[PDB]
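Some notes on the structure that comes next.
Just follow the structure's listing: the first ligand is 1, and inside any ligand the first atom is 1. Here is the naming used below: chain letters follow the sequence lines, and residue numbers restart at 1 for every chain.
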Number of protein chains: 2
Amino acid sequence: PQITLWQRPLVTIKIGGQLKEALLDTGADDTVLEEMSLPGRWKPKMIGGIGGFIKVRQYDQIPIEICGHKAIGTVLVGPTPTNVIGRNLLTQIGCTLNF
Amino acid sequence: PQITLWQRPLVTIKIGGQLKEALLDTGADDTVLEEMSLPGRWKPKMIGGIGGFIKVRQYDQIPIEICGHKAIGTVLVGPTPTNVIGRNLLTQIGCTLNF
Ligand SMILES: C/N=c1/[nH]c2ccc(S(=O)(=O)N(CC(C)C)C[C@@H](O)[C@H](Cc3ccccc3)NC(=O)O[C@H]3CO[C@H]4OC[C@H](OCC(=O)NC)[C@H]43)cc2o1
Ligand SMILES: [Cl-]
Ligand SMILES: [Cl-]
Ligand SMILES: [Cl-]
């Protein structure tokens with residue numbers, strides 16, 4: 001698709017068999033979702049934004065569908081204000097910026 | 001242009017007679033720049049991201065040039081850790097996401 005930016009670029013994702021809404025976010029290196037359950041072991045990560053840092057749980061090699069496009073990669077879980085799909089997965093689904 | 005997302009999408013902007021580097025950020029509603037002087041009226045605002053809120057000064061109707069593209073819009077100025085170009089200006093240069 002081609003997605004304009006007059007509204008937030010919110011898309012439906014599927015992870016762990018559940019649908020969620022998430023923001024396609026070229027300003028995010030990584031993908032960070034609100035608290036949820038994922039399988040396996042996790043590692044610690046600190047990620048910084050406008051208001052400072054939060055601590056998240058890092059899960060690797062997680063299947064996730066983004067607008068129906070299949071990806072498998074790193075998902076961070078923690079107290080983010082909104083679900084954000086960052087460049088780690090935007091590159092998997094072949095997303096670019098164009099103008 | 002078509003901008004890859006393998007790396008952070010950084011551009012040069014011209015604003016208030018200054019050249020600055022900033023991130024093309026589809027997850028940002030608003031353009032937010034580090035401390036700088038701008039002419040005209042402003043009002044205080046709180047904006048929130050990962051890690052919570054910062055106080056900024058909101059300037060309206062500010063001319064800005066991004067990749068040779070002229071646009072005008074609102075610029076928030078305050079203690080952001082990095083300069084971001086938000087949707088309010090990305091629309092004006094015809095920037096879309098594509099995959
Ligand atoms: C190392 N790896 C990682 N991975 C990783 C992943 C993400 C982040 S990130 O999130 O810090 N961030 C980095 C950029 C911003 C430098 C991404 C950026 O696009 C955020 C995303 C976001 C959108 C909405 C809320 C919070 C954050 N946008 C944002 O700040 O927007 C602000 C300015 O404009 C408004 O619009 C929205 C928000 O108000 C709405 C609200 O609800 N506020 C509370 C306001 C850092 C990361 O580092
Ligand atoms: Cl990844
Ligand atoms: Cl504006
Ligand atoms: Cl348009």
Parallel, tilted or perpendicular for B:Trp42 and B:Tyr59, by the 30°/60° rule?
tilted
Considering only heavy atoms from C-beta outward, does the side chain of [X] approach that of [Y] to under 4.5 Å?
{"X": "A:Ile13", "Y": "A:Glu65", "value": "no"}
{"X": "B:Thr91", "Y": "A:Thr4", "value": "no"}
{"X": "B:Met36", "Y": "B:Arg57", "value": "no"}
{"X": "B:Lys43", "Y": "B:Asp60", "value": "yes"}

Under 3.5 Å donor-acceptor, A:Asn88 side chain and A:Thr31 backbone:
yes
[X]: numbered ligand 1 atoms lying under 4.0 Å from its heavy atoms:
{"X": "A:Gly27", "answer": "13 (C), 14 (C), 17 (C)"}
{"X": "A:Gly49", "answer": "11 (O)"}
{"X": "B:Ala28", "answer": "19 (O), 31 (O), 34 (O), 36 (O)"}
{"X": "B:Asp25", "answer": "14 (C), 15 (C), 18 (C), 19 (O)"}

Can you report which non-hydrogen protein atom sits closest to [atom], along with the distance?
{"atom": "atom 10 (O) of ligand 1", "result": "B:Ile50 CG1, 3.3 Å"}
{"atom": "atom 2 (N) of ligand 1", "result": "A:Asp30 OD2, 2.3 Å"}
{"atom": "atom 48 (O) of ligand 1", "result": "A:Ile47 CB, 4.0 Å"}
{"atom": "atom 36 (O) of ligand 1", "result": "B:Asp29 N, 2.8 Å"}

Between the candidates A:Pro81, B:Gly86, A:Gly48, which shows the shortest non-hydrogen contact distance to atom 25 (C) of ligand 1?
A:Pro81
From A:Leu24, A:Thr82, A:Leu23 - option closest to atom 24 (C) of ligand 1 by heavy atom
A:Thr82
As a quick check of understanding, evaluate side-chain hydrogen bond (donor to acceptor under 3.5 Å, both in side chains) for B:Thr26 and A:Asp25, giving each step before the final call.
CA-CA 5 Å; B:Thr26 60; A:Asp25 188 357; 4.6 Å; no
Counting both backbone and side chain atoms, is some N or O of A:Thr31 under 3.5 Å from an N or O of ligand 1?
no
